[PDB]
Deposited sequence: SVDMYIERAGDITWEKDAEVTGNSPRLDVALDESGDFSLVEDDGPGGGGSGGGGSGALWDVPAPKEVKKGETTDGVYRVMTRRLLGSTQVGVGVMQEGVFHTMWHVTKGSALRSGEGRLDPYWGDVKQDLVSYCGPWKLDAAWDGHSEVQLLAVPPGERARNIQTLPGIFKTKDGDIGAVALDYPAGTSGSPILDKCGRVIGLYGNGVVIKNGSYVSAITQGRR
């Protein structure tokens, strides 16, 4: 048998004493393939909607506890996908404040790490990116502002407000 499923890693909260530079939460995206199991990526369940990156799931349904979740919205060149309702994260980075990456690496427990993102040039126009390396399947891990909100997904850009 084969099975792509999600399992909750924890609460999406900020933490002041952190390392400096359907129910809500972060979930691991896992695949069971035969005799193996692996973490293919991470996402955010918020207001009854699952948010992650396209390449993590390729739009596959995901099973959660004892129910299925079917993909509601997707864009592949943005590399994002939402399950069960439309995309719910509209917060953005101010372009100068430190942020906090809530990293769910595969095999290990979630942590918050606090860092100043760097900035890269796009076609339209420039965006903030988290300069840290984390193993493969950590991507889709949420990026928080101090307000506790999701400004972007790890291994993806953060949009800048000004």
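Taken in order along the deposited sequence, the stretches absent from the coordinates are 22-71, 213-224.
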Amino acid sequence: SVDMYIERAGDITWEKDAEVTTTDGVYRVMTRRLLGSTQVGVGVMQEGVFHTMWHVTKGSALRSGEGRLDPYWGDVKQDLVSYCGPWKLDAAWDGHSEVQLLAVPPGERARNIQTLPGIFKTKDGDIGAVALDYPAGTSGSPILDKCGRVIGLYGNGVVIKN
From here on, numbers count along this sequence of modelled residues.
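Comparing 34-42 with 119-127, the stretch with the higher mean C-alpha B-factor in the PDB entry is 119-127. The stretch with the higher mean CA B factor, choosing between 25-33 and 94-102, is 94-102. In the deposited entry, the Cα temperature factor of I143 sits in the bottom third of values across the chain's modelled residues. Per the deposited record, the Cα B-factor of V81 falls in the lowest third when ranked against the other modelled residues of its chain.
When all modelled residues of the chain are sorted by CA temperature factor, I151 is found within the middle third.
When the CA B factors of the chain's modelled residues are split into thirds, the value for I6 lands in the lowest one.
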